[PDB]
Amino acid sequence: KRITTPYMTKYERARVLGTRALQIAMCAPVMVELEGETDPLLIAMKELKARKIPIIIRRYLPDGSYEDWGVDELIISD
Amino acid sequence: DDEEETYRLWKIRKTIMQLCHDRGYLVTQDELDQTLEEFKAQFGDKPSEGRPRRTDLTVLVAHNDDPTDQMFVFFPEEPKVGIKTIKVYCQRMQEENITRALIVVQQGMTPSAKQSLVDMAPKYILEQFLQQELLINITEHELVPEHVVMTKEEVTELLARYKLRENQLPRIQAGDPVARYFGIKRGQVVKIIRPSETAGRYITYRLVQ
Amino acid sequence: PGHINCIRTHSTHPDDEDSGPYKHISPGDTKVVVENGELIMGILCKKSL
Amino acid sequence: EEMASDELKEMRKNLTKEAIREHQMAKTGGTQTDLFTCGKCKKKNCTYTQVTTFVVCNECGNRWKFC
Amino acid sequence: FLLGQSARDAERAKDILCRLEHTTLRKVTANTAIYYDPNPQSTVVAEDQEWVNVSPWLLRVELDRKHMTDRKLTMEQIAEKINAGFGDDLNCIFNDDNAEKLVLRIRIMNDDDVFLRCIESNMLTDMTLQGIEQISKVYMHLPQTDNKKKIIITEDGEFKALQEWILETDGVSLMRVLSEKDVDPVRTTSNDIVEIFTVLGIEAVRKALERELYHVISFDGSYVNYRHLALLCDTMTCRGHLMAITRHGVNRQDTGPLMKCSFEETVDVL
Amino acid sequence: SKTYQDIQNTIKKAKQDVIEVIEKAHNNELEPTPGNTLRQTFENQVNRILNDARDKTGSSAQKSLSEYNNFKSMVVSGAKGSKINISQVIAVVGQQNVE
Amino acid sequence: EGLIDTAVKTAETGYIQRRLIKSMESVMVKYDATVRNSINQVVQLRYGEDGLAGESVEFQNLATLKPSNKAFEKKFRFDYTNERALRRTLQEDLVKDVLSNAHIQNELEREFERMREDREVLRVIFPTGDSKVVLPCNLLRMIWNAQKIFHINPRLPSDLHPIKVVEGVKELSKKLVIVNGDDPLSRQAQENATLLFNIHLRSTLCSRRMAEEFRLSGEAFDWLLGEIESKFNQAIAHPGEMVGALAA
Amino acid sequence: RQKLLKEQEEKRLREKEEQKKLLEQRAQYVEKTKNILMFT
């Protein structure tokens, strides 16, 4: 019964990319094959293109309720 | 003046009829947009100590769905109306089961009268309108949008839909001329419809408080 | 880049030119016309860039 | 006013006409031309002013500028 | 904006302007001289006006002709107003509209020397012969642009903008102006924010403020997206009353003590 | 070297016109324009005459330029400048209004 | 004089901007697709009364606003009697279908009636006849791009039945949603918000104009619908955007 | 053509509805003018 938009806003995309890059920088397992690159931020961007980020976004509503939206479920803007 | 006074009385009567029709009270299509010729032919067109004197042109109108609910429209002659006049009006009003009314005062009521008006509010609702404010109908102005008084059921439905508390809706004080025109009181939401240049139509809501 | 399509007017574009003949062929090289991302007519200025 | 003499009536009429004229406001100046088509009324009558050339519609009154 | 046939012809618009413009004695009076004429029939001055009509003093308040004709007044209404305003205590002997000099004669019937001075001063400063207060003078300019021309859908379909006379005052009354006849009570705005809130309503104030903002921001040819203007207008008309953007309107909202101190009045709000 | 002749002729015509307006105002012929006093309408007429003269001079200067001119190229490009700048540089500066 | 004006402006505009920024600092678009402030007080049910970002909006024109009654009839009616015009515009396998079948005629009449209703609405909302309006998707540019890509060559009879256009426009009017919810109030708000854009879409996409000035084919029209829906979806206002600071 | 005819008679029904409202409003006015009279 989720009513928020099915598209990923730019703010959420930026924050997810940053958090995932920070996690890879701290020696975390990747969810995608590396083609010969090392920078964590590009790794996160490739990951977002591949829709394999193990993060789910909790959009809080003004009333107080919330909805858990998964990166691999909603459509990516860029 | 004689002719100007008649014109002012006719305009006030037209505005009162339009207000009653807007609120929901059933009125003739004839008297709703009656010209001034039949006004002259009806009363006598001699307001200066003649037939068309105040308190005789008063009208009582009942609501559409509730024929048992009416409202008087008085016209006291005293320029600085006191407490005795409103007292006798209320005393004569008590015979009938009517509760609402509307007072048309020449000039601003004395502050001592407003206390008595608000005192009898829970038992007999009555408000005032200066004649200078009734010479024009604001709801027809270009800036003023089309207001719709809502019912409690749809207000609750609205509040439940957006999951938003009625306290969070915008505010509008009862002193607003539109608010007194429609007779809305505290704790009541009014629909607003403005022509939106970027979205065609945009409907917002405002709670009186 | 790409296949862009847009129409703009030049700064020194005489107004009395669209109404009369030579609308699609301007003697003064005005009436910027771009099709498939290729400049065809007109002189580029601030109105277009 | 009606009972006044012919000379007095003529003087009063002239004074009233002069006052009515003087109460007016001077029209905005400009070069009127029909070479510009107003988009708000579809008419050709209008007035221009060079300063950028401001366009003022004559009948419709469409206001625009050309750089 | 004129409503009746006066919108087309200026002859029936000049009277509308005159009635909407404040006219006092000072605007129509030219000279005012007091005389201690003992016997009313004596008439120290040579004027053949008193004995036909019939206190040891009178005021000879002669009026100008050009101004009186410009505002289109008559001595009858002037005498009626000057007699009713001060009660049945004086006796103004007006003059016929045939003589060259528009002389008058104000006498009192029932310390007394300065009473005439005081009454002449307080009537000359303000008497409101024909018009309303606040409004000082009114202009008459035809609309040259579409922002003020009348628009009516023609039977053929085209809009066909019409050129009609419109007024431009210098004060703020609105309320007493809309009640006047031959005045469109639908398109006559006020150009003021606080005034409309006591006449039309908060929504009308929002619309007028939006229009004024758009007018003042688009005067230099610049363009601002309407969404920002609407967002400002709603924020300034959210609590019913016109909250001021200054420290006296935003700190009154129940936002929070930590937000109020940031803008201004730190120690006070804390 | 012909545009200079046209500009000088236009300036002389404007001077003659403003002198004639001053003479009419002195001898009490210029009637007050509606909505304004005598001094106000006199000043408005003088300003309108001067602005018309300046616009005529600027138009004459612009129409006398060559395609190889750099001021005109840079103005029509809109990169930096305007027609009024060319008018002030060549034809005539104009009125120095204050307040 | 100019220098003094510049100095006093540089002194005053800063204070003006500071007061403007400090009054609408906490206003934002929550995930409920509504504009509120720090006190959770709703200021606008939809951002900008429509719920669209200010970046993806362009100036456009309303073709059905300020015609003449005669010209409006001969530009948006799609006369189905002159078979010669239909043969010139549509192909032979469509003229017989649009003539014999009466359901198509009734549908086209209903479309024209809706177009007239939209024109009356536009006239009663936009007085003074202002064709210049701002809308998300520039439909003329999209049509031009479709023509230039699919090589429409507007001289040959196109293969695009009017019923295809009608059903596509109806489905697109359903797909573009702002106020989600089947609730009657929700549907009413959705219709009110996305009103001008739908009117413009109907005015540009007709049975007559598509077969006389655009000549788009079925594939071209489908690509056009897809592009329009994608661009409108991208034009939606992103929740969590600080619109108060942007306006200030 | 038949659909046009039925629409026209539906408008006629709406007009008769106006007639009944006018008669009802007059039939209550005949009673209300009495109150308007005794009020003064």
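With ideal geometry, Cβ positions are generated from the backbone for all residues, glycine too; neighbour counts draw on all protein chains shown. Nothing in this text is a laboratory measurement; each read-out follows from the coordinates by a stated rule.
What pairs can you find where one residue is in region D:39-67 and farther than 19 Å from F:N51 by Cβ, the other is assigned to a loop (DSSP other than H, G, I, E, B) and aliphatic (A, V, I, L, M), and their Cβ atoms are less than 7 Å apart, with a gap of 6+ or different chains? Cβ pairs passing all conditions: D:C41/E:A161; D:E59/E:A161; D:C60/E:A161; D:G61/E:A161. Restricting B:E78, B:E95, B:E133 to those that are closer than 18 Å to E:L200 by Cα and either away from every other protein chain (no Cβ under 13 Å) or of a type outside the set (S, T, Y) (or both) reduces the list to B:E133. Are any of the residues in region E:46-65 within 12 Å of another protein chain (Cβ to nearest Cβ) and buried (at least 16 other Cβ atoms within 10 Å of the Cβ)? Looking for residues that are within 12 Å of another protein chain (Cβ to nearest Cβ) and buried (at least 16 other Cβ atoms within 10 Å of the Cβ), one finds at least one in region E:46-65, hence yes. From the list E:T69, E:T74, which residue is buried (at least 18 other Cβ atoms within 10 Å of the Cβ) and within 25 Å of D:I20 (Cβ to Cβ)? Just one listed residue meets the conditions, E:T69. Applying the criterion of being among the hydrophobic types (A, V, I, L, M, F, W, C) and over 16 Å from the mean Cα position of the chain (by Cα) to the residues of region E:169-195, the residue that is farthest from the other protein chains (Cβ to nearest Cβ) is E:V194. Would you please name the residue that is nearest to the chain's Cα centre (by Cα), looking only at residues in region C:1-41 that are of a type in the set (K, R) and in a loop (DSSP other than H, G, I, E, B)? Across region C:1-41, the extreme among qualifying residues is C:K31. For region A:27-78, residues that are assigned to a loop (DSSP other than H, G, I, E, B) and among the hydrophobic types (A, V, I, L, M, F, W, C) total 12. Here E:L200, E:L209, E:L258 are screened, and the one residue that is farther than 25 Å from G:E58 by Cβ, more than 8 Å from chain G (Cβ to nearest Cβ), loosely packed, with under 13 Cβ neighbours inside 10 Å and not polar (S, T, N, Q) is E:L258.
Taking residues in region H:26-40 that are facing chain B (nearest Cβ under 8 Å), and partners anywhere that are assigned to a helix (DSSP H, G or I) and surrounded by 11 or more Cβ atoms within 10 Å (Cβ to Cβ), the pairs with Cβ atoms closer than 9 Å and at least 6 places apart or on different chains are H:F39/B:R92. It is to be established whether one or more residues within region B:146-156 are facing another protein chain (nearest Cβ under 8 Å) and of a type in the set (K, R). No, region B:146-156 has no match at all. Going through (1) surrounded by 16 or more Cβ atoms within 10 Å (Cβ to Cβ); (2) assigned to a loop (DSSP other than H, G, I, E, B); (3) more than 15 Å from the chain's Cα centre (by Cα); (4) hydrophobic (A, V, I, L, M, F, W, C) one by one, D:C60 falls short only on (3). Considering region D:1-27, the residues that are touching a strand residue (DSSP E or B) at 6+ places or on another chain (Cβ under 7 Å) and outside any helix (DSSP H, G or I) include one that is surrounded by the fewest Cβ atoms within 10 Å (Cβ to Cβ), namely D:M25. Of all residues in region A:9-26, those being outside any helix (DSSP H, G or I) and more than 9 Å from chain G (Cβ to nearest Cβ) number 1. Could you please give the count of residues in region G:1-59 that are under 34 Å from the mean Cα position of the chain (by Cα), over 18 Å from E:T235 (Cα atoms) and not acidic (D, E)? Residues that pass the stated criteria total 7. If only residues of region E:166-197 that are among the hydroxyl-bearing types (S, T, Y) and under 22 Å from B:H147 (Cα atoms) are counted, the one that is surrounded by the fewest Cβ atoms within 10 Å (Cβ to Cβ) is E:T189. Just a yes or no: is a residue in region E:223-241 acidic (D, E) and in contact with a helix residue (DSSP H, G or I) (Cβ under 9 Å, 6 or more places away or on another chain)? Yes, that holds for at least one residue.
Inside region E:146-156, residues that are surrounded by fewer than 17 Cβ atoms within 10 Å (Cβ to Cβ) and touching a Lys or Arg at 6+ places or on another chain (Cβ under 8 Å) make up a count of 5.
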